[PDB]
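Student: My structure is below; once you've seen it, I'll send some questions.
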Ligand SMILES: Nc1ccn([C@@H]2O[C@H](COP(=O)(O)OP(=O)(O)OP(=O)(O)O)[C@@H](O)[C@H]2O)c(=O)n1
Ligand SMILES: Nc1ccn([C@@H]2O[C@H](COP(=O)(O)OP(=O)(O)OP(=O)(O)O)[C@@H](O)[C@H]2O)c(=O)n1
Ligand SMILES: O=C(O)C[C@H](NC(=O)CP(=O)(O)O)C(=O)O
Ligand SMILES: O=C(O)C[C@H](NC(=O)CP(=O)(O)O)C(=O)O
Ligand SMILES: O=C(O)C[C@H](NC(=O)CP(=O)(O)O)C(=O)O
Ligand SMILES: [Zn+2]
Ligand SMILES: [Zn+2]
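Protein chains in written order, with our numbering: chain B, 220 to 529; chain G, 220 to 529; chain S, 220 to 529; chain E, -6 to 136; chain R, 150 to 294.
Shown next as structure tokens:
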């Protein structure tokens, strides 16, 4: 079996560089040569306990592109967890008797991990758990950085906005740290800084990083400017000073950007990226979102099909 | 045609022992030898006007396993019944021009029966109508009792909790009463007792039943302990003394249980079954839920495909 | 000084037979010969944290009939306790620097007693504290019984309805038990029975009481039929079966009543007393209400004046 | 044996450890010796607590009569028991207890709890100063 | 404090830690005879705590759980009055059950699972990473049940 066959995909911290590269190689192959019947006869649960547009719809689209069927819900309000008091554990215990894999997003950190403890032999794929991890975002992110930069090592990567609550940057930083020679710039309000457990991991690996108070400081050297939304639904009321985006990127801020530089954003954006950026050649967040199909097709294929695709 | 072809499945009271046995025989066959294209080219409505996890998701999974497509809704709020004032009758009148069968759950008793009066030649399958009937629960329940006990007659069956509002036990009691020599123990608060129309039916058939105030009273003789949730969403405020489960089953209460005894629960449970029961060999409610696939596959096959499966 | 001068009036339990007789005697005198300037230059706080019609308005009317001024609030929502998080302790600490007495009703038991701990030399009069005590209701009740019956001993007294949460009957029973040879009939739902501490008190004094499931059981014996409202704002949701009046007095139930029997009710009534009772000679709940004026004037006069001469 | 201090003897099994917590007895530098589940002539099993150079406060002695009625408090100086008695039951207990009436004002407000304790074989009764409700000490011990 | 025939003696416990060990690991929830000395003279530590639990034995794992509170304690295993085994706690890989994750939005608080943390040395303190939410904390702010 391929190394990812029947594996839970919960946290980037659980995966190796080899795993990440395997997903990307598989993504490239399926994009070049679709296999519309690869997951024929699979039925996969798509269980979203908090809001989503991109992650849920690209995941479901990917299931259909591979010929799998889909059941689930886009909110918990009309599940028996929503109305009859059922625990998440019992919810997973029954759903895992129906389906071949479970894709889940949940507002509490650790929900996907918990699900793995009740899902028996049914793989759980974390579409996001509170402010913790977002591994499939990282997979499509890596695919996009690779496509646009030609490599995943020796890159200058700035991450901007809400780093404390961004499950996206937690996962992406851990992932890029598994490659060699990448350098990080963290541009965040002090209250929403990158968590210490991430910084420690960088230190331990001898990876260079620094804090910056402006985007312009680093614009001239960045290969990837990864913008983020303030996760207002996760903030303590004590942190409401930071609801408004502190860093707004406009087309004019891109004067000294390298030619190769791409602006990424896991989306949705509020105002942290002005619409005038959209037409510039550095804007790549919609392209990034479209890459979710290839990354998520690849992951489902690898988890649910024992042989490597060709 | 098989006896169930194009039939409405509304109430166990409308079915015979032969019908029930036919569903179970068909369930066994499909479990042993899946037929992934049996309902190819069917489109089936899945219409849930109140909450569900198991019934809706297992029903939809069963449709996909047989190759049918699925349309519908998991709540009524964004139907034209929910926002524009449409009657249930007109809702069924239009949906029945689209699809090959309608699966419906509804908060008012009699909704499925009413739907049959507007659905023309489109079969209606009752996924639950208020506190009335739940025939597909009974089918999977029977399948589970059969699997674990080796038979459906001459069994000692205890039913515990909210018997007044449990559509599950209304249907299951009527069903088991169609087999020979079963004996019932009803363990319920007085305010939530098994309805008289069920008791009368037992009397008329000469079936033994008795009331009990504790689980321990009968533990030593039961083959099936069928636990239920208090249906708090159906209670009159006058009945709010009974919201909390009156009978809590724990692992230690199982000391004198027969070796063959299984604990069933249509689910979701609140606290009427303690989590410590889960690891005991008598716990079978998750296995029971998984049997919903086989029962519901069988029913769709029988209703929508004219020949018996092989 | 009179025995009640500058005393807190919190619980009937703290008052003696002589204390109660003194208020009644003073009340009789003020009714016969008004003292419009008795409390001139007094300012009295009327502080109601819970709804009221009779108790607040009769209290304030009483203050005006004696020539005192009134300040306070009928709702806590626009006080600093209501909007700024202020404790009750602090509220009393400041108000007691303004006024000569504090009349207070409050939704928790003990609130009045607590007030006495922060009110310094300013007397607190309990207009009702949760389901505990209602001393001034008992004062006007006693006054009314005395007026209609000519005595406060050797009576046959029935108390009907919500006795558990009826602060009215808690105070009244304790007061009547300080007199000789009274006999009690308690007619209440099991869930709303007279609390055990009241019963124990009656036992210690060798006072006869009994439970009855019907008014008719005792109609021929009673001198005072005291009806109560189900205290729905006090019920635990488990007790909601008792929201409706279990015992409903109608004009026709009085056919065998002693001629001089009076029907009392501290009010408001819902349905426990039908309007056809109002015209019978036995109805005395509005005259009872009226007597609140003379009882409350008496209490205010005795608390705020060393001696009265009349 | 100890030279000076207190030996709390004849404590019921499974109560000794609770006492250590509640009276914060181990929050000291004084030498302490504890026996749990010791054999006892009159009790079968007992707990035993020795604290050197230390005597129970008046509060703790009062609280002891509730938690461990038939326990024995020994006062000791120069290796001798100069005082031996079961703890005197008080008629009032403040601060430590919690009124089980959830609608009691004493939960929301900055006052000390207070109960009139009434020895009442079998269960000792506790009447709340505020709500005036009375409870078995079995129920009040659910703080 | 007096010798035992059979069981475990946890010796050389730092002062103010003995009671914490009894509370945290629920050592007194048993019918076996326990003997405890608190604030005993050591001449090696100055002051020490000492816990004796009869007819009761601790695995290497259970002994390791002690490492977070008494890393230089000695656990003596006793049979027929003889010390048949001495061991020192070594830092465990994980701490399960007894602690509570300080992240209020962690799934572990709402669901029927047992708490669990990965243990590591950071800057001469102990960092605890929750199995579920993956947030990491100084062991000081991770409260017990
Ligand atoms: N210098 C001392 C003297 C006595 N004790 C303890 O104090 C308790 C009671 O002392 P004592 O009256 O001498 O023993 P008993 O006669 O058994 O008292 P009782 O009848 O109450 O059991 C015993 O546990 C004993 O160990 C002590 O620790 N130090
Ligand atoms: N039957 C026994 C044997 C030993 N002990 C206790 O076990 C501990 C260690 O035993 P031992 O090796 O004999 O003493 P030490 O040589 O001092 O050990 P260490 O150097 O580790 O302190 C001491 O607290 C001793 O009181 C005991 O309670 N009962
Ligand atoms: O919400 C964000 O800002 C980033 C990230 N966004 C997404 O995954 C896109 P969506 O919520 O539409 O699926 C997330 O963590 O949910
Ligand atoms: O709700 C119950 O307790 C029993 C029964 N439960 C089910 O059918 C399972 P679900 O509501 O998840 O589909 C029902 O009547 O709806
Ligand atoms: O409310 C009752 O039924 C009895 C009693 N009623 C009154 O005191 C009359 P009011 O609430 O109108 O001042 C009370 O305890 O508040
Ligand atoms: Zn109280
Ligand atoms: Zn956590």
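The C-beta atom is built at its ideal place from N, Cα and C for all residues, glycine as well.
So, do the segment 447 to 462 of chain B and the segment 379 to 386 of chain B have three or more beta carbon pairs nearer to each other than 8 Å?
Tutor: Touching, yes.
Student: List, from N- to C-terminal side, the beta strand (DSSP E) runs of 3 residues or more that fit wholly inside the segment 287 to 368 of chain G.
Tutor: If we require 3 residues or more, the beta strand (DSSP E) runs fully inside the segment 287 to 368 of chain G come out as 288 to 292, 320 to 325 and 343 to 348.
Student: With distances taken Cα to Cα, identify the nearest neighbour of residue 437 (chain B) among B:413, B:369 and B:374.
Tutor: Taking only the C-alpha atoms, the option nearest residue 437 (chain B) is B:374.
Student: Just the Cα atoms here: how many angstroms apart are residue 221 (chain S) and residue 286 (chain S)?
Tutor: So the alpha carbons of these two residues sit roughly 20 Å apart.
Student: Within its chain, find whatever has a CB closer than 8 Å to the CB of residue 355 (chain B); leave out the 5 residues flanking it on each side and keep chain order.
Tutor: Result list for residue 355 (chain B): 228, 274, 278, 344, 345, 346, 511, 514, 515 and 518, in chain order.
Student: How about residue 351 (chain B): is its Cβ closer than 6 Å to a heavy atom in ligand 7?
Tutor: Every heavy atom of ligand 7 is 6 Å or more from the Cβ of residue 351 (chain B), so no.
Student: Chain E partners of residue 168 (chain R), CB-CB under 8 Å?
Tutor: Under the 8 Å cutoff, chain E gives 13 and 19.
Student: Would you call the segment 493 to 502 of chain G and the segment 287 to 307 of chain S touching, i.e. three or more CB-CB distances under 8 Å?
Tutor: Short answer: they don't touch.
Student: Name the one or two DSSP bridge partners that residue 97 (chain E) has.
Tutor: Answer is S:328.
Student: Return yes when the Cβ of residue 189 (chain R) is within less than 7 Å of the Cβ of residue 201 (chain R), no when it is not.
Tutor: Cβ distance not < 7 Å, so residue 201 (chain R) and residue 189 (chain R) don't count as in contact.
Student: From residue 459 (chain S) to residue 405 (chain G), what distance separates their C-alpha atoms?
Tutor: In a straight line, the C-alpha of residue 459 (chain S) is about 25 Å away from that of residue 405 (chain G).
Student: At a Cβ threshold of 7 Å, is residue 293 (chain G) touching chain B?
Tutor: Chain B, which has a Cβ nearer than 7 Å to the Cβ of residue 293 (chain G), makes this yes.
Student: What three-state label does DSSP hand residue 375 (chain S) in the structure shown?
Tutor: In this structure, residue 375 (chain S) counts as strand in the three-state DSSP scheme.
Student: Please confirm whether residue 298 (chain B) and residue 298 (chain G) have their CB atoms less than 7 Å apart.
Tutor: No.
Student: Taking 7 Å as the threshold (beta carbon to beta carbon), is residue 408 (chain S) in contact with chain G?
Tutor: Chain G contact via Cβ: absent.
Student: Under 9 Å Cβ-Cβ, which residues of chain S neighbour residue 456 (chain G)?
Tutor: Within 9 Å Cβ-Cβ: 456, 459, 460 and 462.
Student: Given this structure, state the Cα-to-Cα distance separating residue 403 (chain G) from residue 376 (chain G), to the nearest angstrom.
Tutor: Rounded to the nearest angstrom, the two C-alpha atoms are 5 Å apart.
Student: Can you tell me whether DSSP reads residue 527 (chain B) as helix, strand or coil?
Tutor: Coil.
Student: Which value, in whole angstroms, describes the spacing of the CA atoms of residue 272 (chain R) and residue 419 (chain B)?
Tutor: So the alpha carbons of these two residues sit roughly 11 Å apart.
Student: What's the gap between the Cα of residue 252 (chain G) and the Cα of residue 321 (chain B)?
Tutor: Each residue's Cα considered, the two are about 24 Å apart.
Student: Determine, for residue 190 (chain R), whether the minimum Cβ-Cβ distance to residues of chain B falls below 7 Å.
Tutor: Closer than 7 Å: no.
Student: Terminal residues of the continuous alpha helix (DSSP H) containing residue 127 (chain E)?
Tutor: That residue, residue 127 (chain E), is in no alpha helix (DSSP H); its beta strand (DSSP E) goes 127 to 129.
Student: Count the other C-beta atoms from every protein chain shown that fall within 10 angstroms of the C-beta of residue 186 (chain R), then say buried if there are 16 or more, exposed otherwise.
Tutor: With 16 or more Cβ atoms within 10 Å of its Cβ, residue 186 (chain R) is classed as buried.
Student: Taking the continuous alpha helix (DSSP H) assigned at residue 389 (chain B), which residues delimit it?
Tutor: Taken as a continuous stretch (DSSP letters only), the alpha helix (DSSP H) holding residue 389 (chain B) covers 386 to 395.
Student: Quick check: the segment 166 to 173 of chain R against the segment 213 to 227 of chain R, are at least 3 beta-carbon pairs closer than 8 Å?
Tutor: Short answer: they touch.
Student: Starting from residue 73 (chain E), trace the beta strand (DSSP E) in both directions and tell me its first and last residue.
Tutor: From DSSP, the beta strand (DSSP E) with residue 73 (chain E) extends over 73 to 78.
Student: Please compile the residues from chain G whose C-beta is within a distance smaller than 8 Å of the C-beta of residue 300 (chain B).
Tutor: Here the neighbours are 272 and 487.
Student: Is the beta carbon of residue 131 (chain E) within less than 6 Å of some heavy atom of ligand 7?
Tutor: No, Cβ of residue 131 (chain E) sits at least 6 Å from all heavy atoms of ligand 7.
Student: Give me the Cβ distance between residue 464 (chain G) and residue 490 (chain G), rounded to the nearest whole Å; I'm assuming they're in contact under 8 Å.
Tutor: Yes, residue 464 (chain G) and residue 490 (chain G) are in contact; Cβ-Cβ is about 5 Å, under 8 Å.
Student: If contact means a Cβ-Cβ distance below 8 Å, which residues of the segment 234 to 249 of chain R contact chain B?
Tutor: So the list is empty, because no residue satisfies the distance condition.
Student: Quick check on the DSSP output: the alpha helix (DSSP H) that includes residue 566 (chain B) runs from which residue to which?
Tutor: Here chain B covers residues 220 to 529 and nothing more, so residue 566 (chain B) does not appear.
Student: Is there a Cβ of chain E sitting closer than 7 Å to that of residue 304 (chain S), yes or no?
Tutor: No, residue 304 (chain S) does not count as interfacial toward chain E.
Student: Quick one: is the Cβ of residue 281 (chain R) within less than 6 Å of any heavy atom of ligand 7?
Tutor: Yes; taking the cut-off as 6 Å, the Cβ of residue 281 (chain R) has a heavy atom of ligand 7 nearer than that.
Student: Using beta-carbon positions only, say whether residue 400 (chain G) and residue 422 (chain G) come within less than 7 Å of one another.
Tutor: No, Cβ-Cβ distance for residue 400 (chain G) and residue 422 (chain G) is not below 7 Å.
Student: Cα-Cα, which of G:526, G:492 and G:281 is closest to residue 305 (chain B)?
Tutor: Ranking G:526, G:492 and G:281 by Cα distance to residue 305 (chain B) puts G:492 first.
Student: What did DSSP end up calling residue 283 (chain S) once you bin it into helix, strand or coil?
Tutor: In this structure, residue 283 (chain S) counts as helix in the three-state DSSP scheme.
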